[PDB]
file protein.tsv (TSV, N, CA and C atoms)
chain	number	residue	atom	x	y	z
A	1	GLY	N	11.32	-169.84	-20.51
A	1	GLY	CA	12.65	-170.34	-20.84
A	1	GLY	C	12.55	-171.45	-21.86
A	2	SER	N	13.39	-171.42	-22.88
A	2	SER	CA	13.67	-172.53	-23.78
A	2	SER	C	15.13	-172.40	-24.21
A	3	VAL	N	15.72	-173.47	-24.76
A	3	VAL	CA	17.05	-173.52	-25.36
A	3	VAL	C	18.16	-173.33	-24.31
A	4	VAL	N	19.42	-173.57	-24.69
A	4	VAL	CA	20.65	-173.34	-23.93
A	4	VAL	C	20.84	-174.39	-22.82
A	5	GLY	N	19.83	-174.67	-22.01
A	5	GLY	CA	19.89	-175.65	-20.93
A	5	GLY	C	19.61	-177.07	-21.42
A	6	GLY	N	19.87	-177.36	-22.69
A	6	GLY	CA	19.56	-178.64	-23.29
A	6	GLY	C	19.73	-178.54	-24.79
A	7	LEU	N	20.92	-178.86	-25.30
A	7	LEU	CA	21.22	-178.78	-26.73
A	7	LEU	C	21.30	-180.15	-27.41
A	8	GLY	N	21.57	-181.17	-26.61
A	8	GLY	CA	21.81	-182.54	-27.04
A	8	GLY	C	20.51	-183.31	-27.28
A	9	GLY	N	19.54	-183.21	-26.37
A	9	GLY	CA	18.28	-183.95	-26.48
A	9	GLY	C	18.46	-185.45	-26.20
A	10	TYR	N	19.46	-185.82	-25.39
A	10	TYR	CA	19.70	-187.20	-24.97
A	10	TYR	C	18.63	-187.66	-23.97
A	11	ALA	N	18.52	-188.97	-23.77
A	11	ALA	CA	17.58	-189.60	-22.85
A	11	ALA	C	18.35	-190.10	-21.62
A	12	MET	N	17.87	-189.71	-20.45
A	12	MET	CA	18.48	-189.93	-19.14
A	12	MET	C	18.25	-191.37	-18.69
A	13	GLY	N	19.28	-191.97	-18.09
A	13	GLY	CA	19.20	-193.25	-17.41
A	13	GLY	C	18.70	-193.08	-15.98
A	14	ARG	N	18.49	-194.21	-15.32
A	14	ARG	CA	18.04	-194.21	-13.93
A	14	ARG	C	19.23	-193.96	-13.03
A	15	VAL	N	18.99	-193.63	-11.77
A	15	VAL	CA	19.95	-193.87	-10.72
A	15	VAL	C	20.05	-195.38	-10.58
A	16	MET	N	21.26	-195.91	-10.71
A	16	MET	CA	21.55	-197.31	-10.47
A	16	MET	C	22.99	-197.46	-9.95
A	17	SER	N	23.12	-197.58	-8.63
A	17	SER	CA	24.40	-197.72	-7.95
A	17	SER	C	24.28	-198.75	-6.84
A	18	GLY	N	24.68	-199.99	-7.12
A	18	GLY	CA	24.65	-201.08	-6.15
A	18	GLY	C	23.98	-202.32	-6.72
A	19	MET	N	24.15	-202.60	-8.01
A	19	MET	CA	23.69	-203.82	-8.64
A	19	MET	C	24.59	-204.95	-8.14
A	20	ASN	N	24.30	-206.15	-8.60
A	20	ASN	CA	25.12	-207.31	-8.29
A	20	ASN	C	26.50	-207.12	-8.91
A	21	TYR	N	27.50	-206.90	-8.05
A	21	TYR	CA	28.92	-206.91	-8.36
A	21	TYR	C	29.58	-207.86	-7.37
A	22	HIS	N	30.76	-208.37	-7.73
A	22	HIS	CA	31.44	-209.40	-6.98
A	22	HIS	C	32.34	-208.73	-5.94
A	23	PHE	N	33.48	-208.16	-6.39
A	23	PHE	CA	34.41	-207.27	-5.69
A	23	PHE	C	34.43	-207.42	-4.17
A	24	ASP	N	35.19	-208.40	-3.69
A	24	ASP	CA	35.36	-208.67	-2.26
A	24	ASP	C	36.79	-208.33	-1.85
A	25	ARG	N	37.77	-208.83	-2.62
A	25	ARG	CA	39.21	-208.76	-2.33
A	25	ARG	C	39.76	-207.34	-2.23
A	26	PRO	N	40.97	-207.16	-1.65
A	26	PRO	CA	41.63	-205.87	-1.48
A	26	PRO	C	42.04	-205.23	-2.82
A	27	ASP	N	42.52	-206.03	-3.78
A	27	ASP	CA	42.87	-205.48	-5.09
A	27	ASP	C	41.61	-205.18	-5.90
A	28	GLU	N	40.61	-206.06	-5.91
A	28	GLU	CA	39.29	-205.75	-6.46
A	28	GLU	C	38.65	-204.54	-5.78
A	29	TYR	N	38.97	-204.28	-4.51
A	29	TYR	CA	38.55	-203.09	-3.80
A	29	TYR	C	38.91	-201.85	-4.61
A	30	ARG	N	40.04	-201.84	-5.32
A	30	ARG	CA	40.35	-200.73	-6.20
A	30	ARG	C	39.25	-200.50	-7.22
A	31	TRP	N	38.62	-201.52	-7.77
A	31	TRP	CA	37.50	-201.33	-8.68
A	31	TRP	C	36.42	-200.49	-8.00
A	32	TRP	N	36.01	-200.82	-6.77
A	32	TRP	CA	35.04	-200.00	-6.04
A	32	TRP	C	35.59	-198.61	-5.66
A	33	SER	N	36.85	-198.53	-5.23
A	33	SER	CA	37.50	-197.32	-4.74
A	33	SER	C	37.64	-196.31	-5.88
A	34	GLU	N	38.18	-196.77	-7.01
A	34	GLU	CA	38.48	-195.99	-8.20
A	34	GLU	C	37.14	-195.58	-8.84
A	35	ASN	N	36.13	-196.46	-8.80
A	35	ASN	CA	34.75	-196.16	-9.16
A	35	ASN	C	34.22	-195.02	-8.28
A	36	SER	N	34.43	-195.10	-6.97
A	36	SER	CA	34.10	-194.08	-6.00
A	36	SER	C	34.72	-192.72	-6.34
A	37	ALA	N	35.83	-192.64	-7.07
A	37	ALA	CA	36.40	-191.36	-7.51
A	37	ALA	C	35.41	-190.53	-8.33
A	38	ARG	N	34.46	-191.16	-9.03
A	38	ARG	CA	33.57	-190.46	-9.97
A	38	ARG	C	32.10	-190.84	-9.79
A	39	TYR	N	31.84	-192.13	-9.62
A	39	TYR	CA	30.57	-192.85	-9.51
A	39	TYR	C	29.39	-192.12	-10.18
A	40	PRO	N	29.19	-192.32	-11.50
A	40	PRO	CA	28.15	-191.62	-12.24
A	40	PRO	C	26.74	-192.13	-11.94
A	41	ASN	N	26.61	-193.40	-11.51
A	41	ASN	CA	25.37	-194.18	-11.31
A	41	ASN	C	24.41	-194.25	-12.49
A	42	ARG	N	24.62	-193.55	-13.60
A	42	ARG	CA	23.62	-193.40	-14.66
A	42	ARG	C	24.34	-193.17	-15.98
A	43	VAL	N	23.59	-193.26	-17.07
A	43	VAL	CA	24.12	-193.21	-18.43
A	43	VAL	C	23.19	-192.34	-19.27
A	44	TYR	N	23.61	-191.90	-20.46
A	44	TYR	CA	22.75	-191.24	-21.44
A	44	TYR	C	22.81	-192.07	-22.70
A	45	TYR	N	21.64	-192.34	-23.26
A	45	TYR	CA	21.43	-193.01	-24.53
A	45	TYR	C	20.78	-191.99	-25.45
A	46	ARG	N	20.87	-192.22	-26.75
A	46	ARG	CA	20.33	-191.32	-27.76
A	46	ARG	C	19.19	-192.01	-28.49
A	47	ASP	N	18.53	-191.27	-29.36
A	47	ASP	CA	17.49	-191.74	-30.27
A	47	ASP	C	18.10	-192.59	-31.40
A	48	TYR	N	18.63	-193.77	-31.05
A	48	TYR	CA	19.06	-194.76	-32.04
A	48	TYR	C	17.88	-195.17	-32.91
A	49	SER	N	18.18	-195.59	-34.13
A	49	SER	CA	17.17	-195.77	-35.16
A	49	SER	C	16.19	-196.89	-34.85
A	50	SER	N	16.60	-197.91	-34.07
A	50	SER	CA	15.90	-199.13	-33.65
A	50	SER	C	16.64	-200.39	-34.15
A	51	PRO	N	16.93	-200.57	-35.45
A	51	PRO	CA	17.78	-201.65	-35.93
A	51	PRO	C	19.26	-201.38	-35.60
A	52	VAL	N	19.59	-201.21	-34.33
A	52	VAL	CA	20.95	-201.20	-33.82
A	52	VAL	C	20.93	-202.12	-32.59
A	53	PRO	N	21.85	-203.09	-32.46
A	53	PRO	CA	21.82	-204.09	-31.40
A	53	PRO	C	22.29	-203.50	-30.07
A	54	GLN	N	22.13	-204.23	-28.96
A	54	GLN	CA	22.62	-203.77	-27.66
A	54	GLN	C	24.11	-203.46	-27.75
A	55	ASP	N	24.87	-204.20	-28.55
A	55	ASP	CA	26.32	-204.08	-28.63
A	55	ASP	C	26.69	-202.64	-28.95
A	56	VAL	N	26.06	-202.09	-29.98
A	56	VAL	CA	26.25	-200.74	-30.46
A	56	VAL	C	25.55	-199.75	-29.52
A	57	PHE	N	24.33	-200.04	-29.09
A	57	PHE	CA	23.53	-199.18	-28.22
A	57	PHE	C	24.31	-198.85	-26.95
A	58	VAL	N	24.81	-199.89	-26.26
A	58	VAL	CA	25.61	-199.80	-25.04
A	58	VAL	C	26.91	-199.05	-25.35
A	59	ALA	N	27.56	-199.34	-26.49
A	59	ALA	CA	28.84	-198.73	-26.83
A	59	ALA	C	28.72	-197.22	-27.07
A	60	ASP	N	27.72	-196.77	-27.84
A	60	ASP	CA	27.52	-195.33	-28.09
A	60	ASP	C	26.96	-194.65	-26.84
A	61	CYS	N	26.16	-195.37	-26.05
A	61	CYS	CA	25.63	-194.92	-24.76
A	61	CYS	C	26.82	-194.58	-23.87
A	62	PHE	N	27.80	-195.47	-23.84
A	62	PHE	CA	29.03	-195.29	-23.10
A	62	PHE	C	29.80	-194.09	-23.63
A	63	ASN	N	30.08	-194.05	-24.93
A	63	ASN	CA	30.90	-193.01	-25.53
A	63	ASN	C	30.32	-191.62	-25.26
A	64	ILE	N	29.00	-191.44	-25.34
A	64	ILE	CA	28.33	-190.18	-25.02
A	64	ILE	C	28.37	-189.90	-23.52
A	65	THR	N	28.13	-190.89	-22.66
A	65	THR	CA	28.17	-190.67	-21.22
A	65	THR	C	29.57	-190.23	-20.77
A	66	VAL	N	30.64	-190.86	-21.29
A	66	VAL	CA	31.99	-190.48	-20.89
A	66	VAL	C	32.34	-189.09	-21.44
A	67	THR	N	31.86	-188.78	-22.64
A	67	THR	CA	31.99	-187.48	-23.27
A	67	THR	C	31.38	-186.42	-22.34
A	68	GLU	N	30.18	-186.67	-21.81
A	68	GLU	CA	29.52	-185.72	-20.94
A	68	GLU	C	30.32	-185.52	-19.65
A	69	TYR	N	30.76	-186.60	-18.99
A	69	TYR	CA	31.47	-186.51	-17.72
A	69	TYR	C	32.98	-186.22	-17.89
A	70	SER	N	33.46	-186.00	-19.12
A	70	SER	CA	34.85	-185.81	-19.51
A	70	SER	C	35.81	-186.85	-18.90
A	71	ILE	N	35.64	-188.10	-19.32
A	71	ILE	CA	36.40	-189.27	-18.87
A	71	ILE	C	36.57	-190.24	-20.05
A	72	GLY	N	37.21	-191.39	-19.82
A	72	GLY	CA	37.32	-192.43	-20.83
A	72	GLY	C	38.23	-192.01	-21.98
A	73	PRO	N	38.18	-192.74	-23.11
A	73	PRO	CA	38.94	-192.46	-24.32
A	73	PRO	C	38.37	-191.30	-25.15
A	74	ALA	N	37.37	-190.57	-24.65
A	74	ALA	CA	36.57	-189.61	-25.39
A	74	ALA	C	36.19	-188.48	-24.44
A	75	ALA	N	37.14	-187.59	-24.18
A	75	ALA	CA	36.93	-186.35	-23.45
A	75	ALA	C	37.31	-185.22	-24.40
A	76	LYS	N	38.48	-184.59	-24.23
A	76	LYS	CA	38.93	-183.51	-25.11
A	76	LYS	C	39.36	-184.10	-26.46
A	77	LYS	N	38.47	-184.01	-27.45
A	77	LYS	CA	38.58	-184.62	-28.77
A	77	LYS	C	38.88	-186.12	-28.67
A	78	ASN	N	40.14	-186.56	-28.82
A	78	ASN	CA	40.47	-187.98	-28.99
A	78	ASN	C	41.99	-188.22	-28.87
A	79	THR	N	42.69	-187.40	-28.09
A	79	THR	CA	44.08	-187.01	-28.31
A	79	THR	C	45.01	-187.71	-27.29
A	80	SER	N	46.23	-187.18	-27.06
A	80	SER	CA	47.28	-187.81	-26.27
A	80	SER	C	46.87	-188.03	-24.82
A	81	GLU	N	46.97	-189.27	-24.35
A	81	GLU	CA	46.58	-189.71	-23.01
A	81	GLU	C	47.66	-190.55	-22.33
A	82	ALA	N	48.70	-190.95	-23.07
A	82	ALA	CA	49.84	-191.68	-22.55
A	82	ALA	C	50.82	-190.67	-21.96
A	83	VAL	N	50.53	-190.17	-20.75
A	83	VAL	CA	51.37	-189.22	-20.04
A	83	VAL	C	51.33	-189.53	-18.54
A	84	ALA	N	52.34	-189.09	-17.79
A	84	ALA	CA	52.32	-189.07	-16.33
A	84	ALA	C	51.60	-187.78	-15.91
A	85	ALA	N	50.70	-187.86	-14.93
A	85	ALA	CA	50.01	-186.74	-14.31
A	85	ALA	C	49.49	-187.12	-12.92
A	86	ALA	N	48.69	-188.18	-12.81
A	86	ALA	CA	48.00	-188.60	-11.59
A	86	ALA	C	48.14	-190.12	-11.40
A	87	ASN	N	49.32	-190.65	-11.73
A	87	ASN	CA	49.72	-192.04	-11.86
A	87	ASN	C	48.99	-192.74	-12.98
A	88	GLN	N	49.70	-193.03	-14.07
A	88	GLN	CA	49.04	-193.55	-15.25
A	88	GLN	C	48.29	-194.85	-15.00
A	89	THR	N	48.78	-195.74	-14.15
A	89	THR	CA	48.11	-197.01	-13.92
A	89	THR	C	46.86	-196.82	-13.06
A	90	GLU	N	46.90	-195.86	-12.14
A	90	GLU	CA	45.78	-195.51	-11.27
A	90	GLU	C	44.66	-194.94	-12.13
A	91	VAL	N	44.96	-193.95	-12.98
A	91	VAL	CA	43.93	-193.33	-13.81
A	91	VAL	C	43.47	-194.30	-14.88
A	92	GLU	N	44.37	-195.14	-15.40
A	92	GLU	CA	44.06	-196.18	-16.37
A	92	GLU	C	43.08	-197.15	-15.72
A	93	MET	N	43.30	-197.55	-14.47
A	93	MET	CA	42.34	-198.40	-13.78
A	93	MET	C	41.03	-197.65	-13.60
A	94	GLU	N	41.05	-196.43	-13.08
A	94	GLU	CA	39.86	-195.60	-12.93
A	94	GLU	C	39.11	-195.48	-14.27
A	95	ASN	N	39.85	-195.40	-15.38
A	95	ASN	CA	39.37	-195.35	-16.74
A	95	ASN	C	38.63	-196.63	-17.07
A	96	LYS	N	39.27	-197.79	-16.88
A	96	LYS	CA	38.63	-199.06	-17.24
A	96	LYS	C	37.43	-199.32	-16.35
A	97	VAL	N	37.55	-198.98	-15.07
A	97	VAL	CA	36.50	-199.07	-14.09
A	97	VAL	C	35.31	-198.26	-14.62
A	98	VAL	N	35.48	-196.99	-14.97
A	98	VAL	CA	34.35	-196.18	-15.37
A	98	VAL	C	33.84	-196.54	-16.77
A	99	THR	N	34.70	-196.91	-17.73
A	99	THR	CA	34.25	-197.39	-19.04
A	99	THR	C	33.36	-198.60	-18.85
A	100	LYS	N	33.80	-199.53	-18.00
A	100	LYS	CA	33.04	-200.70	-17.65
A	100	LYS	C	31.78	-200.31	-16.91
A	101	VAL	N	31.78	-199.46	-15.87
A	101	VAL	CA	30.57	-199.18	-15.09
A	101	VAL	C	29.49	-198.63	-16.01
A	102	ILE	N	29.84	-197.66	-16.85
A	102	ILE	CA	28.93	-196.99	-17.76
A	102	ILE	C	28.39	-198.03	-18.76
A	103	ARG	N	29.25	-198.87	-19.34
A	103	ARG	CA	28.80	-199.96	-20.20
A	103	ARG	C	27.89	-200.92	-19.44
A	104	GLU	N	28.33	-201.43	-18.30
A	104	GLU	CA	27.65	-202.39	-17.46
A	104	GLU	C	26.27	-201.87	-17.12
A	105	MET	N	26.13	-200.58	-16.82
A	105	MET	CA	24.86	-199.95	-16.53
A	105	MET	C	23.98	-199.91	-17.76
A	106	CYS	N	24.49	-199.50	-18.92
A	106	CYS	CA	23.63	-199.44	-20.09
A	106	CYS	C	23.17	-200.85	-20.48
A	107	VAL	N	23.97	-201.90	-20.22
A	107	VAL	CA	23.50	-203.28	-20.33
A	107	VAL	C	22.48	-203.58	-19.22
A	108	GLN	N	22.72	-203.18	-17.96
A	108	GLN	CA	21.79	-203.40	-16.85
A	108	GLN	C	20.43	-202.77	-17.18
A	109	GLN	N	20.40	-201.62	-17.87
A	109	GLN	CA	19.15	-201.05	-18.34
A	109	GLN	C	18.60	-201.91	-19.45
A	110	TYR	N	19.41	-202.23	-20.46
A	110	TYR	CA	18.96	-203.02	-21.59
A	110	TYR	C	18.34	-204.34	-21.16
A	111	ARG	N	18.92	-205.02	-20.16
A	111	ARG	CA	18.46	-206.34	-19.78
A	111	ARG	C	17.13	-206.25	-19.06
A	112	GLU	N	16.95	-205.24	-18.19
A	112	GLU	CA	15.69	-204.98	-17.51
A	112	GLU	C	14.64	-204.47	-18.48
A	113	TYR	N	15.05	-203.74	-19.51
A	113	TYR	CA	14.19	-203.28	-20.59
A	113	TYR	C	13.67	-204.48	-21.37
A	114	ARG	N	14.52	-205.46	-21.68
A	114	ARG	CA	14.10	-206.70	-22.33
A	114	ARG	C	13.15	-207.51	-21.44
A	115	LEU	N	13.36	-207.50	-20.13
A	115	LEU	CA	12.60	-208.32	-19.21
A	115	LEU	C	11.24	-207.69	-18.92
A	116	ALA	N	11.17	-206.36	-19.01
A	116	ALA	CA	9.96	-205.61	-18.77
A	116	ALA	C	8.88	-206.00	-19.76
A	117	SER	N	7.70	-206.33	-19.26
A	117	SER	CA	6.48	-205.85	-19.88
A	117	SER	C	6.37	-204.42	-19.40

call {"tool": "encode", "arguments": {"input": "protein.tsv", "output": "structure tokens"}}
result
Amino acid sequence: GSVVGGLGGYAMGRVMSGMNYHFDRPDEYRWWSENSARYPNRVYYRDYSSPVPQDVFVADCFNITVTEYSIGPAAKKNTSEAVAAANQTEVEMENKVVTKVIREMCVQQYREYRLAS
């Protein structure tokens, strides 16, 4: 077997679910709850050239990870998302929660990568 089961050639992140997060309160509980709707625990990064900073690395890491899981501002092309379907504020929160988790994770990798020998 070769081809078809891997067209992208992206690099896999670790399982990472349960880093230092604050989230104690009932409304902050939505951050954990809404995260629980999807909980990716991991990210995909690409073969960036090297002279690209964490800012960009984490951002494109995020954009590709959400593209793969069909979430965030980058699922079906780039199109209309201001609609009622599954409560716009609920999905918007789930959206920010997952955009943040995926970003937060690619930084959590980056920071441990910097700390690593």

call {"tool": "closest_residue", "arguments": {"input": "protein.tsv", "among": "A:88, A:103, A:11, A:59", "to": "residue 47 of chain A", "atoms": "only C-alpha atoms"}}
result
A:11

call {"tool": "select_by_dssp", "arguments": {"input": "protein.tsv", "residues": "segment 8-108 of chain A", "states": "alpha helix (DSSP H)", "output": "PyMOL selection string"}}
result
chain A and resi 26-36+54-69+88-108

call {"tool": "atom_distance", "arguments": {"input": "protein.tsv", "atom1": "atom CA of residue 108 of chain A", "atom2": "atom CA of residue 48 of chain A"}}
result
17.7 Å

call {"tool": "residues_around", "arguments": {"input": "protein.tsv", "residues": "residue 45 of chain A", "least_positions_apart": "4", "cutoff": "7 Å", "atoms": "only N, CA and C atoms", "output": "ChimeraX atom specification"}}
result
/A:9-13,57,60-62,65

call {"tool": "select_by_dssp", "arguments": {"input": "protein.tsv", "residues": "segment 3-108 of chain A", "states": "strand (DSSP E or B)", "output": "list in words"}}
result
residues 11, 12, 44 and 45 of chain A
